[PDB]
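What follows is a short report on a single structure.
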Amino acid sequence: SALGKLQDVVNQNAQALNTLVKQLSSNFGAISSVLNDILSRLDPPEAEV
Amino acid sequence: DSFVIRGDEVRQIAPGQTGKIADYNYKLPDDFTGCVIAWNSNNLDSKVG
């Protein structure tokens, strides 16, 4: 654990990127987290919402 | 814009509607700005046969 100061920085950036990428799996109230499924299933009046 | 439709189809003259008059006769856009004025014309458009 001697080089913890540098490893902590690497870990914080890795966690930040992993968190950002994992947010793409969230629905945020939408019917699906996948944009392609929404566009494949819905027409613009509902798809835009 | 002016036309004659059936009374049950009066509801179709709106943004975001589906059916036969909307999908095939008089489609309105979803960002439509305007007024849909309609009135019963049985005394003008009906005939016995």
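What you see below is based on every heavy atom in this structure, not just the backbone, and it leaves out hydrogens, waters and symmetry mates. Below, chains carry the letters A, B, ... as their sequence lines are ordered, and counting in each starts from 1.
Annotation: the span from B:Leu28 atom CG to B:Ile21 atom CD1 amounts to 12.0 Å, rounded to 0.5 Å.
Nearest heavy-atom pair across A:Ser26 and A:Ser33 is O-CB, 3.5 Å.
Applying the ring-ring contact (aromatic ring centres under 6.0 Å, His included) rule to pairs touching residues 9-49 of chain A yields nothing, sequence neighbours excluded. The side chain to side chain donor-acceptor pair (under 3.5 Å) analysis of residues 11-23 of chain B, with sequence neighbours excluded, yields the pairs B:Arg11-B:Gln17. Within the structure, ring-ring contact (aromatic ring centres under 6.0 Å, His included) contacts touching residues 2-21 of chain B (residues at least two apart or in different chains) are B:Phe3-B:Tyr26.
Partners of B:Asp30 under the side-chain hydrogen bond (donor to acceptor under 3.5 Å, both in side chains) rule, at least two apart in sequence or in another chain, do not exist in this structure. Taking the salt bridge (charged side-chain N to carboxylate O under 4.0 Å, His left out) definition, one finds that B:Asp31 meets it with nothing, sequence neighbours left out. Partners of B:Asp8 by side-chain hydrogen bond (donor to acceptor under 3.5 Å, both in side chains), not counting sequence neighbours, listed by chain and number: B:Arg6.
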Throw together a table of side-chain donor-acceptor distances under 3.5 angstrom for residues 37-49 of chain B, partners on residues two or more places apart or in other chains.
residue : atom : partner : partner atom : Å
B:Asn40 : OD1  : B:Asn42 : N            : 3.0
B:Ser41 : OG   : B:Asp45 : OD2          : 2.5
B:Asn42 : OD1  : B:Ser46 : OG           : 2.5
B:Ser46 : OG   : B:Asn42 : O            : 3.3

Per-pair distances, 0.1 Å, donor-acceptor, side chain in residues 17-25 of chain A, under 3.5 Å, sequence neighbours excluded:
residue : atom : partner : partner atom : Å
A:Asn18 : ND2  : A:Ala14 : O            : 3.2
A:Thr19 : OG1  : A:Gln15 : O            : 2.7

Would you tabulate the side-chain donor-acceptor contacts of residues 37-49 of chain A under 3.5 Å, counting partners in other chains and residues two or more places apart, or write 'none'?
residue : atom : partner : partner atom : Å
A:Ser40 : OG   : A:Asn36 : O            : 3.3
A:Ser40 : OG   : A:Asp37 : O            : 2.8

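Counting non-hydrogen atoms of neighbouring residues, nucleotides and ligands closer than 6.0 angstrom, the CG atom of A:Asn13 exceeds 12 such neighbours.
A:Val9 belongs to no hydrophobic cluster, as no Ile, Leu, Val, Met, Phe, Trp or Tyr side chain comes under 4.5 Å of its own.
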